[PDB]
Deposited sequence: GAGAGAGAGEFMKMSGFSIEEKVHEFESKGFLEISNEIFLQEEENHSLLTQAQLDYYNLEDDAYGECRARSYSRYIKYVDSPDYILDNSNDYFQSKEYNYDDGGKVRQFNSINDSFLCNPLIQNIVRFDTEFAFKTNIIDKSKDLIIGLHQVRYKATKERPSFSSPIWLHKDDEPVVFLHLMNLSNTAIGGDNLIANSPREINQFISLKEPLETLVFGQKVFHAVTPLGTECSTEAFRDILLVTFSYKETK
């Protein structure tokens, strides 16, 4: 069903993917737990804590090469604003490796990404921290497009005290066309640049800290 799903993404600019596809084997539930626990190890860089690492997919190679460099710049002392690398235990997790393969194989079946070019596969580990006096928000705060032509948003975990963090789709900034709320681990939303998207701020009306753990898998060309 990848053909009709890929075609749907190309026509709409976005696609909802349910988490059941990554939850077929019973062992995946324990692998998910291990991936989820790594988000308590992310070090703080205010509203959110994140880690970044990237793979290189050379044109004819079936393999993924973890770049020793993790510099991120954005289309836009302390100029580079470099981030910590993703823990090895997270990248070696077979569930994480299987997710990126799905993301990579799906990306290659779009007309957006060509298989005759060197691709950078970006992995963004983000933990949004929300507090009663300090809600979490992104930059940009409203509707926007990501630098990378294809982006996968995978929910990893969501505190029961969290409010917000809903995803918006807009063909243009004058009106919202779709409202998607990720609730279960591994629910997935794929973004293209044909539409703007946004994430609603994360809040809590509780005395404890609310969190929203997400994994971004982006696809862009090298140099």
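K.L.:
Should a student be asked to find the unmodelled regions, what ranges of the deposited sequence would be the right answer here?
P.N.:
Deposited residues absent from the model fall in 1-17, 63-65, 97-102, 250-251.
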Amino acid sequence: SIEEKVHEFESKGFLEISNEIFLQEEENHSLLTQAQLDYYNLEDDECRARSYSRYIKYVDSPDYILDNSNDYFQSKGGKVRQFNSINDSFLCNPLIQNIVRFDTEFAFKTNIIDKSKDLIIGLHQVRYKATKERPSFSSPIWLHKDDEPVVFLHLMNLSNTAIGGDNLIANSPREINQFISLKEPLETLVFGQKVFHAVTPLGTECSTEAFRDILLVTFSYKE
From here on, numbers count along this sequence of modelled residues.
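K.L.:
Out of 19-27 and 196-204, which one has CA B-factors that are higher on average in the deposited record?
P.N.:
Here the higher of the two C-alpha B-factor means belongs to 19-27.
K.L.:
Averaged over C-alpha atoms, is the B-factor higher for 59-67 or for 166-174 in this PDB entry?
P.N.:
Looking at the recorded C-alpha B-factors, 59-67 comes out higher on average.
K.L.:
Between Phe152, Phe83, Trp142, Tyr128, where does the Cα B-factor run highest in the record?
P.N.:
If I rank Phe152, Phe83, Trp142, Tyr128 by C-alpha B-factor, first place goes to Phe83.
K.L.:
From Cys47, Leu37, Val190, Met156, pick the one with the largest CA B-factor in the entry?
P.N.:
Top of the list by C-alpha B-factor: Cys47.
K.L.:
Is the Cα B-factor recorded for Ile113 in the lowest, middle or highest third of its chain?
P.N.:
Tercile = highest for this residue's CA B-factor.
K.L.:
If you rank every modelled residue in this chain by C-alpha B factor, which third holds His124: lowest, middle or highest?
P.N.:
Ranked within chain, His124 CA B lands in the lowest tercile.
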